[PDB]
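Data block for work-v3.cif (mmCIF, C-alpha atoms):
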data_target
#
loop_
_atom_site.label_atom_id
_atom_site.label_comp_id
_atom_site.auth_asym_id
_atom_site.auth_seq_id
_atom_site.Cartn_x
_atom_site.Cartn_y
_atom_site.Cartn_z
CA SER H 1 0.00 0.00 0.00
CA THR H 2 0.87 3.67 -0.18
CA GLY H 3 -0.50 7.00 0.98
CA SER H 4 -0.09 10.57 -0.26
CA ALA H 5 -1.35 13.68 1.50
CA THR H 6 -0.86 17.39 0.96
CA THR H 7 0.64 19.39 3.80
CA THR H 8 -0.18 23.10 4.06
CA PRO H 9 1.53 25.96 5.96
CA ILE H 10 -0.59 27.24 8.85
CA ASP H 11 0.33 30.87 8.18
CA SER H 12 2.30 33.22 5.95
CA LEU H 13 5.58 32.42 7.72
CA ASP H 14 5.47 28.61 7.41
CA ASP H 15 5.46 28.39 11.23
CA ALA H 16 4.19 24.83 10.91
CA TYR H 17 2.39 22.58 8.44
CA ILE H 18 -0.93 20.75 8.77
CA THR H 19 -1.99 17.56 7.03
CA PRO H 20 -5.55 16.21 7.03
CA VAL H 21 -5.99 12.88 8.82
CA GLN H 22 -9.12 10.72 8.92
CA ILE H 23 -9.89 9.21 12.34
CA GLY H 24 -12.70 6.85 13.20
CA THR H 25 -15.87 5.59 11.55
CA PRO H 26 -17.47 7.54 10.02
CA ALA H 27 -14.31 9.54 9.38
CA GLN H 28 -13.55 12.59 11.49
CA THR H 29 -10.98 14.70 9.64
CA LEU H 30 -8.52 16.58 11.82
CA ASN H 31 -5.58 18.69 10.64
CA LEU H 32 -2.48 17.36 12.34
CA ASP H 33 1.10 18.59 12.60
CA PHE H 34 3.28 15.74 11.32
CA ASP H 35 6.30 15.72 13.61
CA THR H 36 9.40 13.64 12.85
CA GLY H 37 10.77 14.78 16.23
CA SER H 38 8.16 13.04 18.40
CA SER H 39 6.25 9.78 18.54
CA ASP H 40 2.73 10.43 19.87
CA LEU H 41 -0.41 10.84 17.75
CA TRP H 42 -2.57 13.06 19.93
CA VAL H 43 -5.67 15.09 19.22
CA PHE H 44 -7.92 17.75 20.61
CA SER H 45 -11.04 15.87 21.62
CA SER H 46 -14.43 15.88 23.32
CA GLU H 47 -12.42 15.18 26.50
CA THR H 48 -10.26 18.30 26.26
CA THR H 49 -10.86 20.82 29.05
CA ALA H 50 -13.35 23.21 27.43
CA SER H 51 -11.49 26.40 28.35
CA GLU H 52 -8.44 25.01 26.52
CA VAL H 53 -10.23 24.55 23.20
CA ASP H 54 -10.41 27.64 20.97
CA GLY H 55 -11.38 26.88 17.37
CA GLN H 56 -9.75 23.48 16.90
CA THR H 57 -11.62 20.56 15.38
CA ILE H 58 -12.07 17.82 17.97
CA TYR H 59 -12.15 14.03 17.82
CA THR H 60 -15.22 12.59 19.54
CA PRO H 61 -14.57 8.91 20.18
CA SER H 62 -18.17 8.22 21.23
CA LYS H 63 -19.23 9.03 17.65
CA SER H 64 -16.81 6.50 16.16
CA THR H 65 -18.05 2.91 15.87
CA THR H 66 -14.46 1.67 15.67
CA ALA H 67 -13.11 3.57 18.71
CA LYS H 68 -12.15 1.53 21.76
CA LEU H 69 -10.82 2.87 25.06
CA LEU H 70 -7.33 1.50 25.68
CA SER H 71 -8.04 0.69 29.29
CA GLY H 72 -5.69 2.15 31.86
CA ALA H 73 -3.50 3.93 29.32
CA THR H 74 -2.44 7.53 29.81
CA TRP H 75 0.01 9.84 28.09
CA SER H 76 1.86 13.04 28.87
CA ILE H 77 4.33 14.87 26.67
CA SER H 78 6.49 17.98 26.85
CA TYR H 79 8.06 19.49 23.74
CA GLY H 80 11.29 21.43 23.20
CA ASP H 81 9.41 24.72 22.97
CA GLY H 82 8.01 24.21 26.47
CA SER H 83 4.51 23.26 25.35
CA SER H 84 2.76 20.13 26.66
CA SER H 85 -0.37 17.99 26.58
CA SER H 86 -1.74 14.88 28.29
CA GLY H 87 -4.74 12.58 28.44
CA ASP H 88 -6.01 9.06 27.85
CA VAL H 89 -5.95 6.72 24.85
CA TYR H 90 -8.27 5.12 22.32
CA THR H 91 -7.51 2.79 19.49
CA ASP H 92 -9.25 3.58 16.21
CA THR H 93 -8.85 3.50 12.44
CA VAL H 94 -6.59 6.24 11.09
CA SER H 95 -6.04 7.05 7.44
CA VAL H 96 -3.53 9.42 5.85
CA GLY H 97 -3.78 10.14 2.15
CA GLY H 98 -5.52 6.84 1.43
CA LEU H 99 -3.29 4.69 3.67
CA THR H 100 -5.24 3.09 6.50
CA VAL H 101 -4.06 1.70 9.83
CA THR H 102 -6.49 -0.14 12.07
CA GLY H 103 -5.92 -0.23 15.82
CA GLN H 104 -3.83 2.95 15.87
CA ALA H 105 -3.35 4.51 19.30
CA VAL H 106 -5.12 7.88 19.20
CA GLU H 107 -4.14 9.86 22.27
CA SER H 108 -7.02 12.02 23.42
CA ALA H 109 -6.05 15.25 25.13
CA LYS H 110 -7.61 16.07 28.45
CA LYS H 111 -5.21 19.01 28.93
CA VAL H 112 -3.14 21.11 26.54
CA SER H 113 -0.82 24.03 27.23
CA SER H 114 -1.60 27.58 26.18
CA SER H 115 0.37 27.56 22.93
CA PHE H 116 -1.78 24.71 21.62
CA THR H 117 -5.01 26.41 22.68
CA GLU H 118 -3.86 29.63 21.04
CA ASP H 119 -3.21 27.96 17.70
CA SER H 120 -6.64 27.30 16.21
CA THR H 121 -5.17 25.71 13.07
CA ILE H 122 -3.51 22.66 14.64
CA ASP H 123 -5.88 19.92 15.85
CA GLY H 124 -3.08 17.71 17.21
CA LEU H 125 0.21 16.06 16.32
CA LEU H 126 1.13 12.93 14.42
CA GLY H 127 4.53 11.70 15.56
CA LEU H 128 6.93 10.15 13.08
CA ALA H 129 10.08 9.68 15.20
CA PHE H 130 10.87 6.21 16.57
CA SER H 131 8.27 4.46 18.72
CA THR H 132 10.73 4.22 21.61
CA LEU H 133 9.85 7.88 22.37
CA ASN H 134 6.10 7.23 22.60
CA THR H 135 4.82 8.39 25.99
CA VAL H 136 1.84 6.06 26.52
CA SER H 137 1.95 4.29 29.88
CA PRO H 138 1.96 1.54 31.02
CA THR H 139 2.08 0.02 27.52
CA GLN H 140 4.06 2.06 25.00
CA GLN H 141 2.34 2.45 21.62
CA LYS H 142 3.55 2.47 18.04
CA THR H 143 3.56 5.39 15.63
CA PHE H 144 1.35 5.47 12.56
CA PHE H 145 4.40 4.78 10.38
CA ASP H 146 5.52 1.86 12.54
CA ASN H 147 2.03 0.32 12.34
CA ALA H 148 1.80 0.89 8.57
CA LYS H 149 5.32 -0.18 7.67
CA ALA H 150 4.85 -3.88 6.96
CA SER H 151 1.96 -3.11 4.60
CA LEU H 152 3.81 -0.42 2.66
CA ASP H 153 5.27 -1.09 -0.77
CA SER H 154 8.59 0.20 0.63
CA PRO H 155 9.24 0.97 4.31
CA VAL H 156 9.67 4.72 3.81
CA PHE H 157 7.97 8.02 4.06
CA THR H 158 8.98 11.30 2.44
CA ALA H 159 8.65 14.94 3.42
CA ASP H 160 8.41 17.55 0.67
CA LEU H 161 7.61 20.77 2.48
CA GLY H 162 6.87 23.93 0.52
CA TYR H 163 8.22 27.43 0.96
CA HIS H 164 5.13 29.60 1.41
CA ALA H 165 3.23 26.86 -0.46
CA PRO H 166 1.71 23.41 0.06
CA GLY H 167 3.81 20.28 -0.15
CA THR H 168 3.44 16.54 0.32
CA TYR H 169 3.92 13.65 2.72
CA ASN H 170 4.12 10.30 0.94
CA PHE H 171 4.12 6.88 2.58
CA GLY H 172 5.45 3.74 0.97
CA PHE H 173 7.04 5.11 -2.21
CA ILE H 174 9.53 7.64 -3.51
CA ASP H 175 8.07 10.03 -6.09
CA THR H 176 10.93 10.30 -8.58
CA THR H 177 9.27 13.35 -10.20
CA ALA H 178 9.41 15.34 -6.95
CA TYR H 179 13.15 16.10 -6.86
CA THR H 180 16.05 16.98 -9.13
CA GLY H 181 19.31 15.08 -9.46
CA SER H 182 19.91 12.13 -7.13
CA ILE H 183 19.02 11.37 -3.52
CA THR H 184 22.03 11.20 -1.21
CA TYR H 185 21.57 8.84 1.71
CA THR H 186 23.28 9.23 5.04
CA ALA H 187 23.47 7.18 8.24
CA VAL H 188 20.99 7.52 11.10
CA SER H 189 21.43 6.89 14.80
CA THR H 190 18.22 5.88 16.55
CA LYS H 191 19.88 5.94 19.99
CA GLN H 192 17.93 9.01 21.15
CA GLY H 193 14.76 8.00 19.29
CA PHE H 194 15.20 10.65 16.59
CA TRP H 195 16.11 10.73 12.92
CA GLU H 196 19.62 11.75 13.97
CA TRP H 197 22.32 12.17 11.35
CA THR H 198 25.60 14.03 10.75
CA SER H 199 25.86 16.83 8.24
CA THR H 200 29.24 17.17 6.58
CA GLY H 201 29.47 20.96 6.85
CA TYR H 202 28.14 24.30 5.68
CA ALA H 203 28.63 27.41 3.60
CA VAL H 204 27.27 30.95 3.97
CA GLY H 205 26.11 32.61 0.76
CA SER H 206 28.72 32.25 -1.96
CA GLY H 207 31.42 31.52 0.62
CA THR H 208 33.66 28.49 0.73
CA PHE H 209 32.32 25.25 2.17
CA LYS H 210 33.53 24.41 5.67
CA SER H 211 33.95 20.70 6.21
CA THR H 212 32.83 19.91 9.73
CA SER H 213 30.62 17.24 11.28
CA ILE H 214 27.32 18.57 12.63
CA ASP H 215 25.18 15.98 14.44
CA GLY H 216 21.50 16.86 14.45
CA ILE H 217 17.93 15.70 13.95
CA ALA H 218 15.61 15.95 10.97
CA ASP H 219 12.55 17.44 12.68
CA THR H 220 9.52 18.50 10.69
CA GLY H 221 7.84 19.69 13.90
CA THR H 222 10.42 22.41 14.56
CA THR H 223 10.08 25.62 12.54
CA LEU H 224 13.67 26.86 12.46
CA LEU H 225 17.21 25.63 11.87
CA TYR H 226 19.16 25.35 15.14
CA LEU H 227 22.92 24.94 14.79
CA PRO H 228 26.09 25.45 16.87
CA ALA H 229 26.78 29.02 17.94
CA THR H 230 29.95 29.17 15.84
CA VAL H 231 28.02 28.34 12.65
CA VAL H 232 25.17 30.70 13.45
CA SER H 233 27.54 33.58 14.24
CA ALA H 234 29.32 33.02 10.91
CA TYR H 235 25.98 33.23 9.10
CA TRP H 236 24.63 36.40 10.77
CA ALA H 237 28.01 38.15 10.49
CA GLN H 238 27.22 38.40 6.76
CA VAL H 239 24.05 40.43 7.41
CA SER H 240 24.59 44.13 8.18
CA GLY H 241 22.99 45.08 11.45
CA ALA H 242 22.17 41.54 12.55
CA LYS H 243 22.59 40.82 16.25
CA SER H 244 21.64 38.35 18.93
CA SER H 245 18.98 39.81 21.17
CA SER H 246 18.45 38.26 24.60
CA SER H 247 15.22 40.27 24.96
CA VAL H 248 13.77 38.90 21.72
CA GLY H 249 15.24 35.42 22.18
CA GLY H 250 17.64 35.05 19.26
CA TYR H 251 19.17 36.65 16.22
CA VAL H 252 17.30 39.52 14.67
CA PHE H 253 18.16 41.51 11.58
CA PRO H 254 17.01 44.65 9.76
CA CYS H 255 13.89 43.86 7.77
CA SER H 256 15.48 45.88 4.94
CA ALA H 257 18.23 43.26 4.52
CA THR H 258 18.69 40.79 1.70
CA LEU H 259 19.67 37.54 3.41
CA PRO H 260 22.39 35.24 2.07
CA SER H 261 21.70 31.59 1.40
CA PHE H 262 22.89 28.84 3.72
CA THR H 263 24.23 25.52 2.43
CA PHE H 264 24.45 22.29 4.42
CA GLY H 265 26.29 19.11 3.46
CA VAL H 266 24.79 15.65 3.10
CA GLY H 267 27.75 13.43 2.40
CA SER H 268 29.39 14.92 -0.70
CA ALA H 269 26.07 16.54 -1.69
CA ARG H 270 24.90 20.04 -0.85
CA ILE H 271 21.45 21.44 0.00
CA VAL H 272 21.03 25.19 -0.51
CA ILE H 273 18.57 27.11 1.66
CA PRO H 274 17.71 30.36 -0.14
CA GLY H 275 18.05 33.54 1.91
CA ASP H 276 14.34 34.27 1.80
CA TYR H 277 13.65 30.98 3.65
CA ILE H 278 15.56 32.44 6.62
CA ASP H 279 13.26 35.49 7.01
CA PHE H 280 10.61 35.08 9.73
CA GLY H 281 9.36 38.61 9.53
CA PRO H 282 8.86 41.41 12.05
CA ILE H 283 9.44 40.51 15.68
CA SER H 284 6.17 42.29 16.48
CA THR H 285 3.60 43.82 14.17
CA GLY H 286 5.01 46.87 12.39
CA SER H 287 8.56 46.43 13.65
CA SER H 288 11.52 46.89 11.30
CA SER H 289 13.44 44.25 13.26
CA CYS H 290 12.97 40.82 11.71
CA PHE H 291 13.45 37.39 13.30
CA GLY H 292 16.06 35.05 11.88
CA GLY H 293 15.38 31.51 10.71
CA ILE H 294 18.80 30.21 11.73
CA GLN H 295 19.34 30.25 15.49
CA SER H 296 21.79 28.85 17.99
CA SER H 297 21.22 25.39 19.45
CA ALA H 298 23.38 26.25 22.47
CA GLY H 299 21.42 25.19 25.52
CA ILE H 300 18.99 23.00 23.54
CA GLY H 301 21.48 20.17 23.77
CA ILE H 302 20.92 19.09 20.17
CA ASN H 303 21.13 20.59 16.69
CA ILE H 304 17.82 20.64 14.85
CA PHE H 305 17.31 20.56 11.09
CA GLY H 306 13.80 21.97 11.27
CA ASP H 307 11.49 23.18 8.52
CA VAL H 308 13.81 25.97 7.35
CA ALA H 309 16.30 23.31 6.30
CA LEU H 310 13.98 20.47 5.34
CA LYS H 311 11.78 22.56 3.05
CA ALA H 312 14.83 23.19 0.83
CA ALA H 313 14.97 19.44 0.12
CA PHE H 314 13.06 16.31 -0.77
CA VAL H 315 13.66 14.17 2.32
CA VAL H 316 13.42 10.39 2.58
CA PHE H 317 12.84 8.84 5.97
CA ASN H 318 13.94 5.28 5.29
CA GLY H 319 12.57 2.94 7.96
CA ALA H 320 14.31 -0.20 6.74
CA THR H 321 15.87 -2.52 9.31
CA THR H 322 18.82 -0.13 9.42
CA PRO H 323 17.20 3.29 9.01
CA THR H 324 18.78 6.00 6.87
CA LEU H 325 17.91 9.51 5.67
CA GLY H 326 17.97 10.71 2.08
CA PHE H 327 18.17 14.29 0.80
CA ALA H 328 17.70 15.60 -2.73
CA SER H 329 17.47 19.09 -4.14
CA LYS H 330 14.15 20.00 -5.76
#
Could I get this structure in the form of structure tokens?
Amino acid sequence: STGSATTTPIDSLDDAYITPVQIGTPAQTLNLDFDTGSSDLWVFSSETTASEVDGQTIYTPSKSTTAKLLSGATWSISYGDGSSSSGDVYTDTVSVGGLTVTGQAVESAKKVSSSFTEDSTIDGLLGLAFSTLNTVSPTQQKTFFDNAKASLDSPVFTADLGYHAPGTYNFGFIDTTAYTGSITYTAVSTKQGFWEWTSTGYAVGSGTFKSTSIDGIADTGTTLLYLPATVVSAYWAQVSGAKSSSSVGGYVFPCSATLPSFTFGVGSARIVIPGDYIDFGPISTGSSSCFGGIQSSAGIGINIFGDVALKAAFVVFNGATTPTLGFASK
């Protein structure tokens, strides 16, 4: 089998992407944030504290003839941005782009933190990291991909995120029309439960490529590109007036600037992030200070190849017995 679903930016900045997901019988379609940096499929629901729901579409398990309470199971998750959610668990039928999994753990939120409430466009998350990170207790549950894998034509999914435009998540096949040139594959460590890999270096604008190993994670659920302070300083040094602002929480730059591109290495291959992808607009409405899309990972404890980086590429998440990651230009 295969599946193919369009993923759509939630706003004009590509802060995140939502993909429609069918849950239950009859189908209830919720727009979920597909997150290769976590491993829980959780939704706003009829069980979510009412004051914490503001415009989201909810899953109502009592209206699904295929929903079953997973007795005794609870979940609780905290994300890198400080947001969190928790609740109980149902199993139900879940379909993405025509690919159906029966018996998928659907984690129903009883509580969500303010940032989730405040974002009316995201109805929950669909985790695509390794199932070892799944938070369901006392019986850990599998991700949608893990459950689907054996049925797929090939044990892969691909992320093709758009810049200020829709893109695609495919399951079970590689669309050879969706990228240019060849796909370069690189090794993955699953030791921390992430799609963790080592970039071979970087360049800033038209500058020379610096060969240096940068360990990080391919994380569709993180907006920005978080890299070592040395790398980030080298980038922003090429933008007149750019500075790190502790009050704002990162590098800012004059909105009048033209940003240079940023290149990262994948083996001997190179992925170029155009400068415009690195512009996240005014820090506050009407400001002429703009927020940068490349930020320091210092104090995160890990480098993160988030959407800023991934959307410059066609990315293969290869879930074969020994997982790997592939990157192509597009």
Enter the distance from CA of residue 19 in chain H to CA of residue 31 in chain H, in Å, rounded to one decimal.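 Between CA of residue 19 in chain H and CA of residue 31 in chain H the gap is 5.2 Å.
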Please compute the CA of residue 327 in chain H-CA of residue 177 in chain H distance, one decimal, in Å.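 These two atoms are separated by 14.2 Å.
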So which residues get picked by the PyMOL selection byres ((chain H and resi 48-64) around 12) here, written as an NGL selection string? :H and (20-32 or 42-47 or 65-70 or 85-94 or 106-124)
Name every residue that the PyMOL selection byres ((chain H and resi 195-212) around 10) selects in this structure, writing the answer as a ChimeraX atom specification with chains first and numbers rising. /H:36-38,128-130,186-194,213-219,231-232,234-238,259-275,302-305,317-319,323-325
For C-alpha atoms, I'd like the residues from the last selection saved as a compact mmCIF listing (two decimals), in the frame of the given file.
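Printed below is out_5.txt as written:
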# COMPACT_ATOMS: atom_id res chain seq x y z
CA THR H 36 9.40 13.64 12.85
CA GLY H 37 10.77 14.78 16.23
CA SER H 38 8.16 13.04 18.40
CA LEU H 128 6.93 10.15 13.08
CA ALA H 129 10.08 9.68 15.20
CA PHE H 130 10.87 6.21 16.57
CA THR H 186 23.28 9.23 5.04
CA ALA H 187 23.47 7.18 8.24
CA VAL H 188 20.99 7.52 11.10
CA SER H 189 21.43 6.89 14.80
CA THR H 190 18.22 5.88 16.55
CA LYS H 191 19.88 5.94 19.99
CA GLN H 192 17.93 9.01 21.15
CA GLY H 193 14.76 8.00 19.29
CA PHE H 194 15.20 10.65 16.59
CA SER H 213 30.62 17.24 11.28
CA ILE H 214 27.32 18.57 12.63
CA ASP H 215 25.18 15.98 14.44
CA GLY H 216 21.50 16.86 14.45
CA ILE H 217 17.93 15.70 13.95
CA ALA H 218 15.61 15.95 10.97
CA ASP H 219 12.55 17.44 12.68
CA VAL H 231 28.02 28.34 12.65
CA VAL H 232 25.17 30.70 13.45
CA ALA H 234 29.32 33.02 10.91
CA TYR H 235 25.98 33.23 9.10
CA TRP H 236 24.63 36.40 10.77
CA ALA H 237 28.01 38.15 10.49
CA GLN H 238 27.22 38.40 6.76
CA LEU H 259 19.67 37.54 3.41
CA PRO H 260 22.39 35.24 2.07
CA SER H 261 21.70 31.59 1.40
CA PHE H 262 22.89 28.84 3.72
CA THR H 263 24.23 25.52 2.43
CA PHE H 264 24.45 22.29 4.42
CA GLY H 265 26.29 19.11 3.46
CA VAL H 266 24.79 15.65 3.10
CA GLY H 267 27.75 13.43 2.40
CA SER H 268 29.39 14.92 -0.70
CA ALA H 269 26.07 16.54 -1.69
CA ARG H 270 24.90 20.04 -0.85
CA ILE H 271 21.45 21.44 0.00
CA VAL H 272 21.03 25.19 -0.51
CA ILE H 273 18.57 27.11 1.66
CA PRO H 274 17.71 30.36 -0.14
CA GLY H 275 18.05 33.54 1.91
CA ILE H 302 20.92 19.09 20.17
CA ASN H 303 21.13 20.59 16.69
CA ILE H 304 17.82 20.64 14.85
CA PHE H 305 17.31 20.56 11.09
CA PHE H 317 12.84 8.84 5.97
CA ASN H 318 13.94 5.28 5.29
CA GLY H 319 12.57 2.94 7.96
CA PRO H 323 17.20 3.29 9.01
CA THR H 324 18.78 6.00 6.87
CA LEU H 325 17.91 9.51 5.67
Which residues fall under the PyMOL selection byres ((chain H and resi 40) around 6) in this file, as number ranges by chain? H: 39, 41-42, 127, 134
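Relative to CA of residue 279 in chain H, CA of residue 224 in chain H is found at 10.2 Å.
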Quick one: of H:171, H:95, H:178, H:72, who's nearest to residue 138 in chain H, counting only C-alpha atoms?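 Smallest separation from residue 138 in chain H among the options: H:72.
Closest approach to residue 180 in chain H among H:14, H:314, H:76, H:257: H:314, based on only C-alpha atoms.
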Give me the residues within 12 Å of residue 163 in chain H as number ranges by chain, counting all atoms listed in the file and dropping any in the same chain fewer than 5 places off. H: 7-17, 168, 223, 273-280, 307-313, 330
Just want the 6 Å neighbourhood of residue 158 in chain H, counted on only C-alpha atoms, with same-chain residues fewer than 4 positions away dropped. Output as a list in words. residues 169, 170, 315, 316 and 317 of chain H
Between H:165, H:97, H:173, H:227, which is the closest to residue 298 in chain H once you count all atoms listed in the file?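 Looking only at the distances to residue 298 in chain H, the closest residue turns out to be H:227.
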Using only C-alpha atoms for the distances, tell me which of H:287, H:78, H:182, H:154 is nearest to residue 133 in chain H. H:78
Would you please work out which residue, of H:73, H:252, H:328, H:225, is nearest to residue 139 in chain H when using all atoms listed in the file?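 Going through H:73, H:252, H:328, H:225 one by one, the smallest distance to residue 139 in chain H is for H:73.
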Expected axis-aligned box over every listed atom of range 265-284 of chain H, 6 Å added per side, centre plus edges in Å to one decimal, as JSON:
{"center_x": 17.8, "center_y": 27.9, "center_z": 7.4, "size_x": 35.2, "size_y": 40.9, "size_z": 30.2}
Distance criterion (only C-alpha atoms): nearest to residue 299 in chain H out of H:167, H:228, H:82, H:286: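 Using only C-alpha atoms, the shortest distance to residue 299 in chain H belongs to H:228.
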